[PDB]
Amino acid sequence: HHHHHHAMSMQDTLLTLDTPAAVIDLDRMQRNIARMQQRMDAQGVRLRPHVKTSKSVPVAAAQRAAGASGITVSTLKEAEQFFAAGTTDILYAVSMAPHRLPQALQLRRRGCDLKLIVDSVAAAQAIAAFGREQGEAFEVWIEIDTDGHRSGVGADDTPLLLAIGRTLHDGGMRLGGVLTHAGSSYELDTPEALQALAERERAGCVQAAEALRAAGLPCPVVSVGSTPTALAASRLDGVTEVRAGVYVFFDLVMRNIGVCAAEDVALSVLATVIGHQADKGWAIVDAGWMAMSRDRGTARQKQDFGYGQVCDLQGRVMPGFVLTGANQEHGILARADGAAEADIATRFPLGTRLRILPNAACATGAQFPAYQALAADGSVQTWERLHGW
């Protein structure tokens, strides 16, 4: 009975945690993980979750347990951490910098099946020359620009695709596939527009693969995805896998895009009321921008939630109250409509605990060394996440 009694006495709840804290509602997180995996299963495509949203081993474990194939990472620090934790199938989906090639080699030499990406002849030449010198056939995929968002070779630029694909293949590297990310989906907010963009993302990445194969080059993987297009695509013909990451928790930007509801948002920041300015209808809380992040993605969408939507301790939205302003360690809670709440101190007494839903789950999560994973019984567990590079 010794381990039992001591663990009981040490176990935290939302009442005993210090604030601010990043809380994962595990039941909502599981519903999000199931929804995404079922959709991809229905599409006959693999899901390669992007772990940059959580950078947390237990979160990724839940995604793998539900049926995910491999992971996408946004840094080699993430590749190192998840490989040490037993994940071998890892796509580093940021244009490869030559100077990181020794670290990518060492990961592959230790047993990580690490894939790199490029979008230029010079980056393909760098990888191929280093692979030849070191006796390593790196696997490299070619990044495609399908919507004008950010990096990538134009889907209709056959001459640059062929030049890159030949540099890799002739150079003795394994040209493993093409990938694209239609991040312009963040600017949309109707199901029509999202469905059309998901079709353009699919069409364009398949087009780039078909041009490489028509030149005799291998291109066995075709990888697409953002959360909104993964949820909106009607068809995924020619795609082998979809990458999505922010869905694991969702957030108010996703809610405004329309691919979830506020009640699907699994990450919230637990905060305490530390003061008021009664005549302005303000409550002051200890979640400022250092807890929420400076992300204000909702400011240009159909509903601006300031630095976040206020929920009660049970996680239920309290409509009309948001964090209207934030300094480093102080957040300013007030009415979204700009009215001065009368009696704000009785509506939100000193020491009251609240939960704030984030604009951007990827940005808020990065502010914390760890999440507190909240089980149905009200107990929490600390789930570390990675910071830095």
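Numbers for residues come from their place in the sequence shown, where the first is 1.
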query	finding
Per the entry, higher mean C-alpha B factor between 96-104 and 275-283	275-283
Mean C-alpha temperature factor, higher of 157-165 and 259-267	259-267
Candidate set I356, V59, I33, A65 [ranked by C-alpha B-factor, highest]	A65
Highest recorded Cα temperature factor - choice among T240, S74, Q303, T229	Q303
Relative C-alpha B-factor of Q11, binned into the chain's lowest, middle or highest third	highest
Third of chain Cα B-factors occupied by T346	highest
Relative C-alpha B-factor of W141, binned into the chain's lowest, middle or highest third	lowest
B-factor third for the C-alpha atom of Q372 within its chain	middle
B-factor third for the C-alpha atom of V222 within its chain	lowest
